[PDB]
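Remarks on the structure that follows.
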Amino acid sequence: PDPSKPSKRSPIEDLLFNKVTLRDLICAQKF
Amino acid sequence: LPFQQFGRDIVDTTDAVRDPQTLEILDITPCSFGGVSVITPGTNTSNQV
């Protein structure tokens, strides 16, 4: 883990998080 | 645009209408709702929830 990163994640873990990602459609379903 | 009264969203639901007398944008949003969950201990321990 990297202390400088606020989320406390390893440099490799950051790359994985920023690669999958996912009136808007989400709100339409909720109603 | 002119001559354009109603409105629709991605899932084909009426989300906006135009007032007949004073033409204006009138968004329609349903009022809040959701589920309810009850947290309880055993009924032989207490009755608070």
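Labels for the structure tokens follow display order: chains A, B, ..., residues from 1 in each chain, ligands from 1.
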
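If we count only C-alpha atoms, these residues of chain B sit within 8 Å of chain A: residues 9, 10, 11 and 30 of chain B.
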
Which of segment 2-31 of chain A fall in alpha helix (DSSP H), as a PyMOL selection string: chain A and resi 11-20+25-30

Pull C-alpha atoms from the residues just selected and write them as a PDB file, in the first residue's frame.
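In the end it all went to again.pdb:
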```pdb
ATOM      1  CA  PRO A  11       0.032   1.407  -7.538  1.00  0.00           C
ATOM      2  CA  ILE A  12      -1.143  -1.676  -9.442  1.00  0.00           C
ATOM      3  CA  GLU A  13      -4.505  -1.577  -7.657  1.00  0.00           C
ATOM      4  CA  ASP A  14      -5.057   2.006  -8.835  1.00  0.00           C
ATOM      5  CA  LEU A  15      -4.696   0.976 -12.483  1.00  0.00           C
ATOM      6  CA  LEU A  16      -7.313  -1.764 -12.096  1.00  0.00           C
ATOM      7  CA  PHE A  17      -9.787   0.595 -10.420  1.00  0.00           C
ATOM      8  CA  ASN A  18      -9.513   3.211 -13.196  1.00  0.00           C
ATOM      9  CA  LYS A  19     -10.015   0.703 -16.035  1.00  0.00           C
ATOM     10  CA  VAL A  20     -13.349  -1.089 -15.485  1.00  0.00           C
ATOM     11  CA  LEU A  25     -31.108   5.614 -17.482  1.00  0.00           C
ATOM     12  CA  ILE A  26     -30.266   4.885 -13.831  1.00  0.00           C
ATOM     13  CA  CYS A  27     -32.912   7.283 -12.515  1.00  0.00           C
ATOM     14  CA  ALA A  28     -35.467   5.864 -14.962  1.00  0.00           C
ATOM     15  CA  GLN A  29     -35.129   2.391 -13.437  1.00  0.00           C
ATOM     16  CA  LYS A  30     -35.374   3.698  -9.865  1.00  0.00           C
TER      17      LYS A  30
END
```

Closest of B:7, B:48, B:42, B:12 to residue 27 of chain B, counting only C-alpha atoms, is B:7

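For the atom pair formed by atom CA of residue 31 of chain B and atom CA of residue 6 of chain B, the distance is 20.2 Å, given to one decimal.
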
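Atom CA of residue 32 of chain B is found 15.5 Å from atom CA of residue 15 of chain B.
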
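If you look at atom CA of residue 18 of chain B and atom CA of residue 33 of chain B, they are 25.8 Å away from each other.
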
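Of the residues in chain B, those given strand (DSSP E or B) by DSSP on the backbone are residues 7, 8, 14, 15, 16, 17, 18, 25, 26 and 27 of chain B.
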